[PDB]
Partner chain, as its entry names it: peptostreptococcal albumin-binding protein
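Below, in structure tokens: the form solved without its partner chain, a single chain.
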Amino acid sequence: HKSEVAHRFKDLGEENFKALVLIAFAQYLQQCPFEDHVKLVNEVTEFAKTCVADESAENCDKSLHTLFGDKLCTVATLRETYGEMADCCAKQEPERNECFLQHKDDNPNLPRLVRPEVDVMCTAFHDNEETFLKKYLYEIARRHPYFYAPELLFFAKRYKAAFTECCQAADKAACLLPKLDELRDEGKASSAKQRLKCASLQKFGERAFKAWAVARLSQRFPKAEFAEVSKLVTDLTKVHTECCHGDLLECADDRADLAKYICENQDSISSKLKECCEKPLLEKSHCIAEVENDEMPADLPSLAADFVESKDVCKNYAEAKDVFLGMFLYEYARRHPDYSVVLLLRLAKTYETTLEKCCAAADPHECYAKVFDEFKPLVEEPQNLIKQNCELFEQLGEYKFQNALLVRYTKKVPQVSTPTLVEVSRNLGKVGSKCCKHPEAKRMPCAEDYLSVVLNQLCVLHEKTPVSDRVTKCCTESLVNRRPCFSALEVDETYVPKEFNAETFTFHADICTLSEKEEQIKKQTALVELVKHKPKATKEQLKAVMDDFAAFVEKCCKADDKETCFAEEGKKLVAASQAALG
């Protein structure tokens, strides 16, 4: 209406408004202190209430971008603290806003956030729930400038619910810790998937994104009409562009418009949207973006009909290439909620390639008649890997599965630094303990989401510290060919062994007093180093050394005078194993 900020306040509610304003300011003024931001919040809230009481009160008719900018430019220490950013204030809207966005540092130099002790967190939570939570909201938001604010708020409420439930429990740490680790990972994953989609929209262009969206959206709303899914893909593409551009307000509006649309037409999109569409303005959007796939129609034809058998394939294709390929994807995607998105994209690209060659030949239909037969090996490839790897994880547990990945990948890319190989194989291991718990129908999508985040985490690291051309190839290659590229890595036959370093394989008794995690990684670090010293060893040989080491440790940690044992037997293990591995 006459006042946008009064309208947002009524929609949001005071509680959500204040949290959102805090997050928004923390994302732009990343270096200002908490107490400074808390004052900005109170001043904007008081102002908003003014407009709520009188829609025509001073400044109340000014747009949200202008109001937000003026407050930003109010910070007096602006130039001494952010320097160049201060010059933005001399500019006029909307050029001023653009100027602020260009200075959002996607990676500030702040200390790592450390997890305090359970008793300190709980006591602080109890003595002042609000500052405890708002303080951390601030610390997280300023470190992650592009993380969609409303989503950062949903996490805050889960966090709150974990402290309420656990700080009351008998064993607090036993209840809270695993919840914190689970919320952290989930936050790491959402972050990674977000920057991943933006990076793709920026590098590979709009088309590649619209393609990803048609596939994903068709699995989720299989009953929807193709004309409806195209509408949604178009609006969703605009939403991400603007949300990637970093403009919170613009992003928020497009998301709200889109969520109401889906709800008003929910009866012709999906049946799983009833729940979501009741929920509060701030949750509709989030719920709809994560909504489970709808049941697919039971009366559905065979793709081969319209895309292989019909004789007008090329006529329909040349009439509007992308659209035709869109309908293919839509058709294939909606009958396969069990396929990962990039698999569907690989099939569509195979089909495109085929049609490009065939439609320019004497007899089209003969050339492209056996295309569905060319998909078979593309589909079986990722499924076979899921079966093979999840079965292995069943036999060995998570830890031993992780060690198997360790030997496997250290051998493929011996150059990567040991700490990186250990971290990567560990997370790969956890993707196994997470997705293998699911039924065959929901595994590929699961693996795709968690694998995608582990892969760029790996690529980023390698982007900074290059060490292998094959890794760089996989890392810069199409985002659809990324996983197949890593799976195709072969054992490195060129690699020359690291000369033996006695220190690397000397273990002291401190390994006994150490915690499980720190203990596993001390052993896993030694394992990578073993393989890097004897890359020709066989599963049987290594397995023998690990069984020996295993014993070694256990024995020397339950015996009087540890330090001696580890030094006496240590020489024996190392001496013998060198002989075994020749």
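Positions refer to the first chain, counted from 1.
One more form of this protein, deposited with its partner chain bound, exists but is not displayed; see below.
In summary, the region of this chain contacting its partner chain in the entry with it bound, judged by heavy atoms within 4.5 Å and restricted to 323-331, 337-345, 485-493, 181-189, corresponds to 323-331. For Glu95, no non-hydrogen atom is located within 4.5 Å of its partner chain in the entry with it bound, even though that partner is not displayed.
Its partner chain is not drawn, but in the entry with it bound it has no heavy atom within 4.5 Å of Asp171. Contact check for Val114: no non-hydrogen atom falls within 4.5 Å of its partner chain in the entry with it bound. Using a 4.5 Å cutoff between non-hydrogen atoms, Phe226 counts as a contact of its partner chain in the entry with it bound. Shown without its partner, this chain lists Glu290, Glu319, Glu477, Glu374 as candidates; in the entry with it bound, only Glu319 has a non-hydrogen atom within 4.5 angstroms of its partner chain. Only one of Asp306, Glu448, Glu283, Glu352 lies close to its partner chain in the entry with it bound, with a heavy atom inside 4.5 Å, and it is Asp306. Using a 4.5 Å cut-off on any heavy atom, the residues of 252-269 that reach its partner chain in the entry with it bound are, in sequence order, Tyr261, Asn265, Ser268.
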